[PDB]
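The structure appears right after this line, and notes come after that.
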Amino acid sequence: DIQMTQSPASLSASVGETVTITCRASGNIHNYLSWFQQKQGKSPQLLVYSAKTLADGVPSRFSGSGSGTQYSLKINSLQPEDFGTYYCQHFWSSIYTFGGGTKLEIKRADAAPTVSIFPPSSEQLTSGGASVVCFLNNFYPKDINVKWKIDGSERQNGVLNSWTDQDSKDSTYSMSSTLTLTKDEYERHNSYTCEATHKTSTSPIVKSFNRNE
Amino acid sequence: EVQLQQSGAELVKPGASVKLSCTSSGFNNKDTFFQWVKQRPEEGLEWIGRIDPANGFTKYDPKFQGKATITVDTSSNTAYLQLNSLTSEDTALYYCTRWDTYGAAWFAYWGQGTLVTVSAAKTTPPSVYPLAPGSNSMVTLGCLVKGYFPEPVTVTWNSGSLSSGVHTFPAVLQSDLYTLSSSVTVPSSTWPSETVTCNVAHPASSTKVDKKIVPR
Ligand SMILES: NC(=O)[C@@H](N)CCCCNC(=O)CCCC[C@@H]1SC[C@@H]2NC(=O)N[C@@H]21
C-alpha cells in the first residue's frame, strides 16, 4: 500500500506550449510507473511505462522522468489530440494504486455563446407538460451564468442546467438550461426570456419568444 | 489483433450481486494479469484488484477486499468480476485492463467498460420531444429526452449521418428520473427543406425512438 499524490489537479495550456505533470509516491517504486491518457467517454490509453519508456505508437513530444518517489511527465509540442485526464499508476507493491489524476484543458480564444431558446413541443404540451429549453453553445471560457425571465420577472425554480465537457473539435464548452412548467402555468404567461451572462459581453445576451408566434 | 471484450450494462437492486465478464484474444503473453478498475463519473480511476491466470491468485485494494471477487477461466481466456451486497456506492463504470509483452516491450490494453447501476427505482422509458424554433445562416435544432431511468440513452441524428455540429449534454437526475438534451446545428438550406430526425435508444427498456423535427 503506497500512496500516489498527483499534481496539479487541473491544468490549462494552448497548443504548442510545454507542460509538466507530477506524481509523488509515499515510498520508493523503483521506476515501476506508468502514465495514462483518458479521453472523455473513452478508455485510458498508455503513454509511458517504466517511468521513461514510451509505449507503442506514442509521439516523441511525450517523455517521462524521475526516480525513487518523485516522477513527472513532460509534453513539449502540445497537440490537439493531447486533451484529457492524465493518470499515473505504480506496480511496485501488490496494490497498483492510481494517482488522483491531472485534468488537462485546451486554452483557446474567448468566444461568446450562441444562444437558442425553444418553446415546449406540441406533443409535450398535449400531455400536460411544458419544458422551455435554452442552449448556450460553443462558448469559452467555461465560466457562465444563465437566468430565466418570464414576463420580465426573474424565475428561480424548475430550472435544470447541464454542461458539456470541452469540445474535441473547437475546444469550446456548451451549456443547456431546462425550465419545466405545467402546461397551464405555461399558458398563464407569454414572454419567456433566456438571459446569459459571460465575460465576452458586458451586457447580457438575450433570447426570447412570445407564446404567440 | 489484441483486444479485451467486456459484457453489457447491468441494472440491479440494492443488496443483490452481479458478475461482469472480460474476454481476451491474441495475447502473446499468457502470464499477464487481468485487472479491474472502478470509475465514478467525473472521478478518478480506482484500482480494484487483479488475478494471475496461471494459478488464479488475486490481490485486492483493502477497500474492495470482500466486496469484489475476481475469477478467471484460463481455459477460455475470460475473467469475471463479482460484486456482492450491492449499494448505490457501487454504481460506476467498471473496466478490465490487461497488459501484454512482445519482445522486450510492454503494451497496455483496456476493455470498453461495463456500466453497473444500483438502485431500487423502476426502469422507465424516455419521453422524447422535438425542439423546433419559432420566428441566420446555420439553424440550431434540438431534442429533449425526458423521464427515463436508468442511464444511459444514446442520441444520434439522421441515424448517425449528422455527426458534426452535435452537442449532447449530460443527464441530470431528479426524482428518480433523468432528463437529457441534445442540440444539432445545420445549414438553413438543409432544414426544413429536408427531414432532420432525432434517434434515441434506451437499451434498459428496449426502447427505440425517432423524432422528426417538424417546423413550428
Ligand atoms: N511471464 C512473465 O513475463 C512474468 N515474469 C511476469 C508476469 C507479469 C504479470 N504481471 C502483470 O501482468 C502486471 C503488469 C504490471 C505493469 C508492468 S510492470 C513493468 C512495466 N512497467 C510499467 O510501468 N508497467 C509494466
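In the C-alpha cells, chains take letters A, B, ... by order of appearance, with residues numbered from 1 within each chain and ligands from 1 in the order shown.
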Sorted per-residue table, chain A near ligand 1, closest atoms and distance, 12 Å, only C-alpha atoms and all ligand atoms, as CSV:
```
residue,atom,partner,partner_atom_place_in_ligand_line,distance
A:29,CA,ligand 1,23 (O),10.0
A:30,CA,ligand 1,23 (O),10.0
A:31,CA,ligand 1,23 (O),7.2
A:32,CA,ligand 1,23 (O),4.6
A:33,CA,ligand 1,23 (O),4.0
A:34,CA,ligand 1,23 (O),4.0
A:35,CA,ligand 1,23 (O),7.8
A:36,CA,ligand 1,23 (O),10.1
A:46,CA,ligand 1,24 (N),9.5
A:47,CA,ligand 1,23 (O),9.9
A:48,CA,ligand 1,23 (O),7.3
A:49,CA,ligand 1,23 (O),3.8
A:50,CA,ligand 1,23 (O),3.8
A:51,CA,ligand 1,23 (O),6.2
A:52,CA,ligand 1,23 (O),8.7
A:53,CA,ligand 1,21 (N),8.3
A:54,CA,ligand 1,23 (O),10.1
A:55,CA,ligand 1,22 (C),9.7
A:64,CA,ligand 1,23 (O),11.0
A:71,CA,ligand 1,23 (O),11.8
A:88,CA,ligand 1,23 (O),9.1
A:89,CA,ligand 1,23 (O),7.4
A:90,CA,ligand 1,23 (O),6.6
A:91,CA,ligand 1,15 (C),5.4
A:92,CA,ligand 1,18 (S),7.8
A:93,CA,ligand 1,15 (C),10.1
A:94,CA,ligand 1,13 (C),9.2
A:95,CA,ligand 1,13 (C),10.4
A:96,CA,ligand 1,15 (C),8.3
A:97,CA,ligand 1,15 (C),11.6
A:98,CA,ligand 1,23 (O),11.6
```
Sel. of helix (DSSP H, G or I) residues, segment 6-207 of chain B, as an NGL selection string: :B and (62-64 or 88-90 or 158-160 or 203-205)
Compute the set of chain B residues within 9 Å of chain A, using only C-alpha atoms, and express it as a ChimeraX atom specification. /B:43-50,59-62,95,105-113,127-135,140-142,144,167-172,179-183,216
Atomic separation - atom CA of residue 26 of chain A relative to atom CA of residue 35 of chain B, Å: 22.5 Å
With only C-alpha atoms as the counted atoms, please give the residues lying no more than 6 Å from segment 144-147 of chain A, apart from itself and same-chain residues fewer than 6 positions off, as an mmCIF file with N, CA, C and O atoms, in the first residue's frame.
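Wrote it out as selection-v3.cif, contents follow:
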```
data_model
loop_
_atom_site.group_PDB
_atom_site.id
_atom_site.type_symbol
_atom_site.label_atom_id
_atom_site.label_comp_id
_atom_site.auth_asym_id
_atom_site.auth_seq_id
_atom_site.Cartn_x
_atom_site.Cartn_y
_atom_site.Cartn_z
ATOM 1 N N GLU A 195 -31.636 34.455 -20.562
ATOM 2 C CA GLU A 195 -30.681 35.557 -20.446
ATOM 3 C C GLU A 195 -29.321 35.056 -19.943
ATOM 4 O O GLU A 195 -29.217 34.535 -18.831
ATOM 5 N N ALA A 196 -28.282 35.233 -20.760
ATOM 6 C CA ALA A 196 -26.959 34.663 -20.487
ATOM 7 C C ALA A 196 -25.916 35.732 -20.162
ATOM 8 O O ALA A 196 -25.858 36.768 -20.824
ATOM 9 N N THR A 197 -25.085 35.469 -19.156
ATOM 10 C CA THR A 197 -24.012 36.386 -18.767
ATOM 11 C C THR A 197 -22.656 35.703 -18.930
ATOM 12 O O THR A 197 -22.444 34.605 -18.417
ATOM 13 N N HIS A 198 -21.744 36.375 -19.632
ATOM 14 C CA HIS A 198 -20.441 35.817 -19.990
ATOM 15 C C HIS A 198 -19.423 36.949 -20.153
ATOM 16 O O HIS A 198 -19.794 38.077 -20.468
#
```
Interatomic distance, atom CA of residue 110 of chain A to atom CA of residue 205 of chain A (Å, one decimal): 15.2 Å
Atom-to-atom span, atom CA of residue 16 of chain A and atom CA of residue 111 of chain A, Å: 20.4 Å
Pick out the residues sitting within 7 Å of residue 62 of chain A, and hand them over as a VMD selection string; count only C-alpha atoms, and ignore anything fewer than 6 positions along from it in its own chain. chain A and resid 74 to 76
Using DSSP secondary structure from the backbone, list all strand (DSSP E) positions within segment 109-145 of chain B, as a VMD selection string. chain B and resid 109 to 110 114 to 118 127 to 131 138 to 145
Name the residues in contact with residue 136 of chain B at a cut-off of 10 Å, using only C-alpha atoms, excluding same-chain residues fewer than 2 positions from it; report them as a list in words.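 Listed by chain and then number, they are residues 138, 139, 140, 187 and 188 of chain B.
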Contacts of residue 150 of chain B within 9 Å, only C-alpha atoms, excl. fewer than 5 positions in-chain, as an MDAnalysis selection string: chainID B and resid 11 117 119 121:125 176:178 202 204:205
Prev. selection, N, CA and C atoms, output as a JSON list (two decimals), in the first residue's frame:
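And here's part_34.json as it stands now:
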```
[["chain", "number", "residue", "atom", "x", "y", "z"],
["B", 11, "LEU", "N", -28.11, -3.57, -14.42],
["B", 11, "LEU", "CA", -29.02, -2.87, -13.52],
["B", 11, "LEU", "C", -29.42, -3.87, -12.45],
["B", 117, "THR", "N", -25.46, -0.10, -12.44],
["B", 117, "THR", "CA", -26.31, 0.86, -11.74],
["B", 117, "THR", "C", -27.01, 0.12, -10.62],
["B", 119, "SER", "N", -29.86, 0.57, -7.75],
["B", 119, "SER", "CA", -30.98, 1.42, -7.34],
["B", 119, "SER", "C", -32.26, 0.60, -7.24],
["B", 121, "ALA", "N", -35.16, 2.03, -7.92],
["B", 121, "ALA", "CA", -36.12, 2.74, -8.80],
["B", 121, "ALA", "C", -36.43, 1.96, -10.07],
["B", 122, "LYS", "N", -37.65, 2.10, -10.56],
["B", 122, "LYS", "CA", -38.13, 1.32, -11.70],
["B", 122, "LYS", "C", -37.56, 1.80, -13.03],
["B", 123, "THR", "N", -37.24, 0.84, -13.89],
["B", 123, "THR", "CA", -36.92, 1.12, -15.28],
["B", 123, "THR", "C", -38.10, 1.86, -15.90],
["B", 124, "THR", "N", -37.80, 2.91, -16.65],
["B", 124, "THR", "CA", -38.79, 3.78, -17.24],
["B", 124, "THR", "C", -38.29, 4.24, -18.61],
["B", 125, "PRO", "N", -39.10, 4.05, -19.67],
["B", 125, "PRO", "CA", -38.66, 4.50, -20.99],
["B", 125, "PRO", "C", -38.69, 6.02, -21.07],
["B", 176, "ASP", "N", -35.80, 10.32, -9.16],
["B", 176, "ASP", "CA", -35.57, 9.00, -9.76],
["B", 176, "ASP", "C", -35.72, 8.96, -11.29],
["B", 177, "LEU", "N", -35.49, 10.08, -11.96],
["B", 177, "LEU", "CA", -35.67, 10.15, -13.41],
["B", 177, "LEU", "C", -34.68, 11.13, -14.04],
["B", 178, "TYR", "N", -34.09, 10.72, -15.16],
["B", 178, "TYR", "CA", -33.10, 11.52, -15.87],
["B", 178, "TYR", "C", -33.76, 12.37, -16.94],
["B", 202, "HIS", "N", -32.82, 3.53, -25.62],
["B", 202, "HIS", "CA", -32.72, 3.29, -24.19],
["B", 202, "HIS", "C", -32.76, 1.78, -23.99],
["B", 204, "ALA", "N", -32.08, -0.37, -21.67],
["B", 204, "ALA", "CA", -32.69, -0.92, -20.46],
["B", 204, "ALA", "C", -34.18, -1.22, -20.63],
["B", 205, "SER", "N", -34.90, -0.33, -21.32],
["B", 205, "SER", "CA", -36.34, -0.52, -21.57],
["B", 205, "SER", "C", -36.65, -1.00, -22.99]]
```
For a quick check of understanding, using only C-alpha atoms, which of A:194, A:206, A:6, A:143 has the smallest distance to residue 20 of chain A?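 Counting only C-alpha atoms, the residue closest to residue 20 of chain A is A:6.
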What lies within 6 Å of residue 15 of chain A using only C-alpha atoms, ignoring chain neighbours under 2 positions off, as a list in words?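 Returned residues: residues 17, 78 and 79 of chain A.
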So, with only C-alpha atoms as the atoms that count, which of B:160, B:192, B:15, B:147 lies closest to residue 129 of chain A?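 For residue 129 of chain A, the nearest of the candidates is B:147.
Remark: for residue 18 of chain A, the closest of the candidate residues A:4, A:181, A:58, A:73 is A:73 (distances computed over only C-alpha atoms).
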May I ask which of the residues A:19, A:3, A:25, A:108 is the closest one to residue 172 of chain A, counting only C-alpha atoms?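 Smallest distance to residue 172 of chain A is found for A:108.
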